[PDB]
Each structure stands twice: as C-alpha cells, then as structure tokens.
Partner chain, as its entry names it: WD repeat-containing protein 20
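One chain comes next, on its own, written out as structure tokens in the form solved without its partner chain.
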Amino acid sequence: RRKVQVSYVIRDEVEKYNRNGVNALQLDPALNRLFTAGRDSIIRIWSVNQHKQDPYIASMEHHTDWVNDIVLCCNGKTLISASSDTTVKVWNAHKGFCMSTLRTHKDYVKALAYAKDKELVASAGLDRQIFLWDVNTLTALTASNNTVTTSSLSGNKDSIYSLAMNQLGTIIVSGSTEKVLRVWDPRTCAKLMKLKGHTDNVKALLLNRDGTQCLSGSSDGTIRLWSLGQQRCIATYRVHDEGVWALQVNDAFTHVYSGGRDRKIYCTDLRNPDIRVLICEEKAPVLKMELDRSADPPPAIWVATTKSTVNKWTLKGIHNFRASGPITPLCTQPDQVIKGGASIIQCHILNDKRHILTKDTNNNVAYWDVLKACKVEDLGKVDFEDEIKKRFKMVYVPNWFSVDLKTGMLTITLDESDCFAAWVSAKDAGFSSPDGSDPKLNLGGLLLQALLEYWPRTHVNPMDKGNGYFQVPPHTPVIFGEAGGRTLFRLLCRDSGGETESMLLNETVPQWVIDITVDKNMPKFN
C-alpha cells in the first residue's frame, strides 16, 4: 500500500525554452523538425531549417519528471517517450499531442530502443525489466480498449541505463550497473548471450543493421567493439579522458561519434583508430547526440548536454581536415543554436515556511510565495548568501511541504504526514479581514482547497468555492503520485471543472485530501 502525494509546479503558462538539460534528441529530416526530451519534464518540437528568427513549434507537457528518452517512429508520425515519472507515453508527433500512457513500469524509465524495419520499440529503466512493444498496437490504444499485452525480457540483475535494437529487430542489448551487457532475440524474448568486459556502467549502446556487432560506451572512458558471433569484445578504444555517454555511427559502421563528461566530441575511424577528429568541445558534458542522416557522410550533429541550449555542429569539413590533420577543433562555434532557459540550482525556504529564495544558472535571485504558488519579485544578480541572511525572519512554523529542483523549476510536494502542521494567524499570513479579524488558518489546508478550486465536488451536494483567502495561478499543474514512485494523474488547476477530469480526480485524489477539500473537515488547532 503506497500513500499519495499532491504536488505542483511554480511556472509560467508557457515554457518556450528548456528549463534544464536535454536527455534525448530525435530529428525528422522529412519535416526539418527536432525533438528535445527535457529534464524539465517537457518534450519540445523545433524547426531546424536554419533560417528562421524563432524555431519554437510546440511543447508536449504530460510528463511530471525527467524525460530520459524519446523515439520517433512511423516516418515521424509517432513519438514514444520514457520518463522518471515511471511512464511511457505515445504521442502524435505531427500534430503534437499525447495519445496513450503505458503505466507498466514500476520505476524510472531510463532508455528506449527502436527496430526501424520491424516498427518495434523496447523500454527499460531502474525496474530491472525490459518491455517490448508493437508501435501499431500502441498507435491504436486509448478509447474503450486500453488492453495491453506485455512482452517482457528477463535477466537484468541491476538497473538498466542503455538499450539498443538493430534495424531489422533481430537483436536487443541492455547496458546496466552490472557492467555486463545482456543480449536477447526480441521476436522470441529468448536470452542469447551475456557479454562480459566493461569496468563501469554502460550509458550508450549501438548496433549495426544485421546486429552482428555492437558498439558500447561506458563510464570507464572507453568505446568497446563486440562480436555477437565471437561472443566477446573484439576491440577497445580509449577516446575520452572521462565517462563516455553518447555514441552515433555512420551507415558503414566504421566512423563512431562520441561524447560524455570531458565535453569533447570526436569522430573516430574504427578501421584506423589513428584518425580521430575533434569535432568540438561543448560548454557542458554531452548527454546525447543525433546525427543528420540527410547525406552520407553525415553533414551535421545535434548535441544535447547538461545545459538548456541545444546546438548543431557542421561535419562538412571533416574529410578535408582528415587529409590535412595543441589539439585544434573542427568547429569553434555551432552552426545553429536552440536557445535555453535558466535552471534554479539553489533554493532557500525562509523561516516563515512560505517564502522561497532561489538562484538560477544566470545568477538571478528571485523571491517566491509557495502558498500563492507564484513569483513575487525578481531581485536580480544580488549576493545570494547575503540575501538569505538579509531576509532572516525570527519566526517558527513547522515544515508543511518539501521542495525539488530536478526540472530547473520549483516543484512543491505535500504529504499527509505534515501537510497540516503550519497554523498561522490570518493577519500574519497577510490576509487582513477588517475587522472580524485574526482566525488561525492552516497553510496546507488553504493551499489544497485553492489547488482543487475548479473541482465541482468541493462546492456543495448535499450529503444530509475557494479557500476564501487566495487563488493559485489557474495554469498551475496539479500532480497526484505514489510516494514510493508511480505518478498517478496530472491536470491543470483550471481543468478540475471538466467532467472527465472530475471523474479521474474522484479515483486518484486520496482520502486525506477529500477530508479538507470535499468533506471540509478542516484540522483541529490546540
């Protein structure tokens, strides 16, 4: 039995730019469209024509935690996504909307593998379980028939960080903290071999068309070539002076593109390792890369890092630089830059247990109101640690919420255990009521009431509006999730009115919330 937590995000109606690093990239050459999977929990669509003042197309927001991987199938018609919210989501990629949500995984969904030819896709995570999926079966799901037959892969002892399938979908390999790679036949689900060789966790896997050989990059700093025939590591290339997290290959399976912690991007000739071209040196560790496959040799490479900015680097002059060459990079500046937003990297809950001070990646300090789920002031580039001090309030209020910053935005979480703990005077809370004054308001209560304001159940029946003090921004996402893991339901505050929304709120809203919002049984103060 898992308890349920109500959480919300303090953000704007629209987040045009990534508010954290990008985990996964997916390029549509047909429509010149890029897909960025964000740690900000939002997938975004961009136009990569190169000549446009603003490349922003749309943003897909259903996920409640990091978006770890994305897969663009059916000639760019469908998008499958993997998230730390424990779910896999099917999206109409052309029109940009959510279609189905697979809640089969019990923990973070870390990677996706794709068999272009057989139109198959697999998902693995910290579950230690891999799930195979037919894309056509997924594309025809949500309605009256949400019937899902789960085809799993067994063996993984540890948490999965990488997945790869060959074009034909005859081979499937997993990478984990077990250091060892496990191979299977995706069509039969049968175990093939268990390849031993790596020293650390494998964050990047790559397979050739026929699935005869596999390329792997591990946190040990090496790229390893494997023969699935010979059933072992046929070669080892030490390319990076630290962890290697992202790999890409040409169609020949001869030139490998790599990046990871050391920020350097390299093309390395597997045939002649001597030939190793430094494409560029990024401003943050490389998390994922996506080659432009419009031409052979690939004309450009799209690069995702720890930063919010996404870049394209031209590979146009490699061959000419290869014949004619203190390590000088091919590129110094990116060909195309997709702009990024700021991430809140430091936060301080003030002594009143209502105000929050934050510092972001641009060094901008800002004051926030948790209870009214909003920003209050932008203090600018003030000294943050001095600001924390300046704003010392000599008061005590019990902790009634937790804070997370894994999206680069403020996410507040309420738990049954301490949601109602903070009892403050109305005059104190800045809620002057002249002159039938100073009642003792419960902060967590009022906040819950404001969050579920548009829920009709919280008005009247009878069983024979708001909280009365404030309103939360109506676009405020209200998330319902198991404390242990699984995210249950995400809706906007303003959407609680809708009949199908209210129907879902009725099944997910836990009792501890029903008591105060619906039953109006406000807690007792002593």
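Positions refer to the first chain, counted from 1. Whichever C-alpha set is largest while still superposing within 1.5 Å between the two forms counts as the rigid core.
Another form, the form solved in complex with its partner chain, is not on view; read the next lines as being about it.
J.: Pick the stretch from 195-203, 429-437, 328-336, 138-146 whose residues have a heavy atom within 4.5 Å of its partner chain in the entry with it bound.
T.: Of the options, only 195-203 has residues within 4.5 Å of the partner.
J.: By the heavy atom within 4.5 Å rule, which residue out of 152, 230, 75, 363 makes contact with its partner chain in the entry with it bound?
T.: Of the listed residues, the single hit is 230.
J.: In the entry with it bound, which of the listed residues (190, 234, 295, 376) lies with a heavy atom within 4.5 Å of its partner chain?
T.: Of the candidates 190, 234, 295, 376, 234 is the one lying within 4.5 Å of its partner chain in the entry with it bound.
J.: Across 336-353, which residues bring a heavy atom to within 4.5 Å of its partner chain in the entry with it bound?
T.: Residues within 4.5 Å: none.
J.: With the core superposed, find the residue in 168, 284, 233, 366 that moves its CA 2 Å or more between this form and the one not shown.
T.: Single hit from the list, 233.
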